[PDB]
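The chain below stands alone and is given as structure tokens, in the form deposited in one PDB entry.
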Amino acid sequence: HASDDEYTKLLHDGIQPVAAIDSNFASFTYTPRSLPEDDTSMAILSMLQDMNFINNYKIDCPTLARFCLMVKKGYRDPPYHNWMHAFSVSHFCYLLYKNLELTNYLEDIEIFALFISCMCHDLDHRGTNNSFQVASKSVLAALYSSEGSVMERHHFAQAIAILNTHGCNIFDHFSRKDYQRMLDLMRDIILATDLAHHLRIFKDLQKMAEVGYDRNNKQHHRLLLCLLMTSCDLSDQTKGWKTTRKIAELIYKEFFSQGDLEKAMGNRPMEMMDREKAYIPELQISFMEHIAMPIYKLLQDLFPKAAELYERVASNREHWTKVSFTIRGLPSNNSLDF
């Protein structure tokens, strides 16, 4: 019946200064997946403290601790879309904040919403995509299919359910106006994680980069938020070869698992979901050239200091070309360690 023991222990000695985590914690070279999972909740508090959102928005620490624990427990354990993914995506948001000086481009509340969105953007993911929800006529599909972005709307709904859980509403004291603004930002930012959305606004993103970002342009704020969210979501591609390789293993383990379920339903899965047809190296090269590289290229055109990011993504693409080892699907052991 010791309901408060868990969060109390987390805050026992206060919030740990971000500088004390790792001297390289705020560098683009840092790999957040290396941090022990049991230390991630405190790391979240550390980043929120460094960005000073707790002071700026008068956030209640105990409530925030409970909220962070709830978000972490809100993730299931599929190979890729788990808490460590949300954690690493959130860390990249922090990196962009520190390295690109986002406070000079976005309003403070927008950056706060972006970080919280990163934490909650994949809540309750089961390892299957939107196409599958519709094909299996799931309860989530029946609920959101009409509006599109089925899983994305579910993730947002789960985030709201957490805020509505006793003792977890970190925005409870907000005025009605600011509360609605925060929930609307979270909705729009999480919805931006749907690739379909990114592809639709891509030309608007290029135009903004072409004419130059304008802090007084409301549309630019919305567009930048979408680009940044996508940038955080695919940040595993900005690390070293070992990370890109490992993440590929996790994502395809998920993709092939879904593909197997589709075949069992009497359906024909897309090639990239079929372990008997997919050739991972080529699929990664395609992903890099058509999705990842263009996103970080845009980021570079807007932020010169983001060049090293685009550079790493391009390098990793090169690595895949030197790997393209010859079999389709994944090895018997489901590993690419070799």
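Numbering starts at 1 and runs along the sequence shown. For the two forms, the rigid core is made up of the largest set of C-alpha atoms that agree within 1.5 Å on superposition.
I'd like to know which segment deviates more from the shown structure in 8 other deposited structures of this protein: 174-182 or 239-247, using C-alpha RMS over all structures and residues after a core fit.
If we average over structures and residues in 8 other deposited structures of this protein, the farther stretch is 174-182.
RMS CA shift, core-fitted in 8 other deposited structures of this protein, bigger for 36-44 or for 274-282:
Of 36-44 and 274-282, the stretch deviating more in 8 other deposited structures of this protein is 274-282.
Classify the number of deposited-sequence residues missing from the model between residue 315 and residue 316: none, 1 to 3, 4 to 9, or 10 or more.
Nothing is missing between them.
Higher-scoring stretch by recorded Cα B factor average, 202-210 or 229-237
That would be 202-210.
Which is higher in the entry, the mean Cα B factor of 168-176 or that of 261-269?
Looking at the record's C-alpha B-factors, the answer is 261-269.
Which of 41, 63, 49, 29 ranks first by CA B-factor in the deposited coordinates
Answer, based on the entry's C-alpha B-factors: 29.
By the entry's C-alpha temperature factors, tell me which of 145, 128, 88, 117 sits highest.
Across 145, 128, 88, 117, the entry lists the biggest C-alpha B-factor for 145.
Ranking every modelled residue in this chain by its Cα temperature factor as given in the entry, which third contains residue 303?
Ranked within chain, residue 303 CA B lands in the highest tercile.
For the chain shown, is the CA B-factor of residue 58 in the lowest, middle or highest third of its modelled residues?
Bottom third by C-alpha B-factor.
Is the Cα B-factor recorded for residue 293 in the lowest, middle or highest third of its chain?
Residue 293: CA B-factor falls in the middle third of its chain.
In terms of the chain's CA B-factor thirds, is residue 310 lowest, middle or highest?
Highest third, going by the recorded CA B-factors of the chain.
Considering every modelled residue of the chain and its Cα B-factor in the PDB entry, is residue 243 in the lowest, middle or highest third?
Ranked within chain, residue 243 CA B lands in the middle tercile.
This protein has a second form, the form deposited with a small molecule bound, left out of what is shown; the following refers to that one.
4.5 angstroms heavy atom contact with the small molecule in the deposited bound form for residue 306
No.
Using a 4.5 Å heavy atom cut-off, state whether residue 211 contacts the small molecule in the deposited bound form.
Looking in the deposited bound form, residue contacts with the small molecule do not include residue 211, since no heavy atom lies within 4.5 Å.
Whether residue 237 contacts the small molecule in the deposited bound form should be assessed with a 4.5 Å heavy atom distance threshold; does it?
Yes.
Residue 132: heavy atom within 4.5 Å of the small molecule in the deposited bound form?
Although the small molecule is absent here, residue 132 would touch it in the deposited bound form, with heavy atoms inside 4.5 Å.
I have 35, 57 and 109 flagged as a candidate spot, so tell me whether each of them has a non-hydrogen atom within 4.5 Å of the small molecule in the deposited bound form.
Answer is no for this spot.
Among the candidates 70, 298, 283, 45, the residue which, in the deposited bound form, approaches the small molecule to within 4.5 Å (heavy atoms)
Contact with the small molecule in the deposited bound form is made by 283 alone.
Would you kindly say which of 87, 156, 255, 115 lies with a heavy atom within 4.5 Å of the small molecule in the deposited bound form?
By the 4.5 Å heavy-atom cutoff, the listed residue in contact is 255.
Which is the contacting stretch out of 136-144, 215-223, 101-109, 167-175, given heavy atoms within 4.5 Å of the small molecule in the deposited bound form?
Looking at the other structure, the answer is 136-144.
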